[PDB]
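Below you will find one chain, with nothing else, as C-alpha cells; this is the form deposited without the DNA, and questions on how it binds or moves follow later.
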C-alpha cells in the first residue's frame, strides 16, 4: 500500500537540536511539527514521494538543517535520507528510514505523520 497515493495528515512533535539522537532506540524519532506543517494536507503519489518531500523540507528547515553535515544536507536537498552513524547501518542500508508505528497492515495511516517515525536501519529491523 505505500505504492499508492494519499494525503498527509498529522501534527508531528516538537524537536530540538538533538533530533535523531534516539532514532536507533525505542520507536525512533518523531516527525517534527515544523515539517508536518509544511506537508500536511498535501497530496503524494506514493510513500516514496512523501519521503522525498519530507527530507527536502528537513533540508530547508533552519533548525534541523544545521544538525547535519554538508553532504547529508546535499542528500536531503534531493529527497535522500541522511546517512546514519556507521554503527547504525545494516548491510547496504546506510541512511535513516521511515517507520509506521501502527502497521499499514492494521490500518495505520500510510501518510499519517503522527504514525511515522525516523529510525536507523539497524533499529528498524528489530521493531520488525
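Each form is matched to the other, and the largest set of C-alpha atoms that superpose within 1.5 Å is called the rigid core. Only residues modelled in both forms are compared. Residue numbers count along the first chain shown, from 1.
A second form of this protein, the form deposited with the DNA bound, is not displayed here; the remarks below concern that form.
Trainee: Select from the listed residues 95, 37, 73, 67 the one whose heavy atoms reach within 4.5 Å of the DNA in the bound PDB entry.
Mentor: Of the candidates 95, 37, 73, 67, 95 is the one lying within 4.5 Å of the DNA in the bound PDB entry.
Trainee: Is it the case that residue 49, even though its partner is missing from this view, gets within 4.5 Å of the DNA in the bound PDB entry, heavy atoms only?
Mentor: Yes - in the bound PDB entry, heavy atoms of residue 49 and the DNA come within 4.5 Å of each other.
Trainee: Flag residue 85 as yes or no: does it have a non-hydrogen atom within 4.5 angstroms of any non-hydrogen atom of the DNA in the bound PDB entry?
Mentor: Close contact is absent here: in the bound PDB entry, residue 85 is far from the DNA, nothing within 4.5 Å, heavy atoms only.
Trainee: Applying a 4.5 Å heavy atom distance criterion, does residue 62 contact the DNA in the bound PDB entry?
Mentor: The answer is no: residue 62 has no heavy atom within 4.5 Å of the DNA.
Trainee: Does any part of residue 124 reach within 4.5 Å of the DNA in the bound PDB entry? Heavy atoms only, please.
Mentor: Looking in the bound PDB entry, residue contacts with the DNA include residue 124, since a heavy atom lies within 4.5 Å.
Trainee: Once the core is aligned, does residue 62 move its Cα by at least 2 Å between the shown form and the other one?
Mentor: The answer is no, as the C-alpha of residue 62 shifts between the shown form and the other one by less than 2 Å after core alignment.
Trainee: Rigid core fitted, then: does residue 91 show a CA shift of 2 angstroms or greater between the shown form and the other one?
Mentor: No, shifts by less than 2 Å.
Trainee: Using the core for the fit, does the CA position of residue 105 change by 2 Å or more between the shown form and the other one?
Mentor: Indeed, residue 105 is displaced by 2 Å or more.
Trainee: Given a rigid core superposition, which stretches of at least 3 residues have all Cα atoms displaced by 2 Å or more between the shown form and the other one?
Mentor: CA shift run, sole hit: 103-105.
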